[PDB]
């Protein structure tokens, strides 16, 4: 059993589900630009329509209610709120989210709002985006405006989702928007994301009409050397630094990890910033999908660490399944780092889901995925980890970034042609598991 007041939710992000990309004054985001660039998305799709949740968030609410959830993690689209990124507000964007928040509260669903889930306004990108310190400042101003208007009703806020992705996939590996490919630009982006976050936490506390519970959401990948050789151990530490400690340590008031500063060398970004980054948080969100079993790869791009596949583990449509990594990473946070309480702000999986002849979606491996990770959460809780909720990624099938509409993570199936949603078997399992609490 979980605590009686445990938060039980599902998660989405605005660009992945909303559609209506030009409606009601919305500006252009980097993902509008990126998905409309030939060859950036695997299947030729965009977020232009997606799940049409701009218009259909009522149906999404109906799903959450049918699942017996008590919370919904979703993001606010910065391009709807300040269409030019730096500039005037768009009250019609704020009013949309206001109505949505009221609909959620009316349904008994607590909103866990993400300010930034990757949809940087394009005019900011045109001035270097996360490569520019001014972007941090104006992110903080956006955070101020949203909290002034919604913070009477929404207490739980996350500044960023997965700054590692925004910086390293967006500016270093080039697979996410805006599609840059330079290490130094990636690392500069990571700094300005973190500064942005810190400036926003301060801004939000000053703007808020009541005390808030502010967090950040990080993807964390527990890393394990494939052997105990100095080479493989070092590769594990480098990957662990590249993904996890690079963000955890400055958030914790510890500066950037020195081993990584040494390794990155001249690519590393340029005390006062560090203080701001460490603005005290009320909680930390963990997004957990996979481990990294690392071998040294001296000829690879930094961090010169490659995955050693294990064919004996299960795999989904896109990842290796390793539930025990969730326990490991939570125990580490609890014992080694100062953030508390913690929320699992995402966990879930992608499969080749189809509507069967009976009308159901028989996604047994996703059911087994939830059951296995929830069992690891019970262990973590038994160890004293201060965990206060769990959000399944995703409420519904959606626009999965560079993989487009083709990679389905929902607990609900989305027919992208009709926009009809249907609960999958794993969604019914969650329903009935949550009810039994």
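Positions refer to the first chain, counted from 1.
- request: Using the PDB record, quantify the missing residues of the deposited sequence between residue 270 and residue 271 as none, 1 to 3, 4 to 9, or 10 or more.
  value: Unmodelled stretch: 1 to 3 residues, a short break.
message: Can you tell me whether 297-305 has a higher mean C-alpha B factor than 349-357 in this record, or the other way round?
response: Between 297-305 and 349-357, it is 297-305.
- prompt: Would 332-340 or 252-260 have the larger average of its C-alpha temperature factors, as given in the entry?
  reply: Mean C-alpha B-factor is greater for 252-260.
- request: Could you check 132, 166, 159, 244 and tell me which one carries the biggest Cα B-factor in the deposited entry?
  value: Most elevated C-alpha B-factor of the set, per the entry: 132.
message: Out of 291, 127, 366, 80, whose C-alpha atom has the biggest B factor in the entry?
response: In this record, 127 carries the highest C-alpha B-factor of the candidates.
message: Looking at the temperature factor on the CA atom of residue 186, which third of the chain's modelled residues does it land in?
response: Tercile = highest for this residue's CA B-factor.
query: Among the chain's modelled residues, which third holds the C-alpha B-factor of residue 196?
result: It falls in the middle third of the chain.
message: Among the modelled residues of this chain, does the Cα B factor of residue 44 put it in the lowest, middle or highest third?
response: Ranked within chain, residue 44 CA B lands in the middle tercile.
task: Could you tell me which third, lowest, middle or highest, the C-alpha B-factor of residue 38 occupies within its chain?
output: It falls in the top third of the chain.
task: Would you mind checking where the Cα B-factor of residue 424 ranks among the modelled residues of its chain, as the lowest, middle or highest third?
output: Lowest third - that is where residue 424 ends up once the chain's C-alpha B-factors are sorted.
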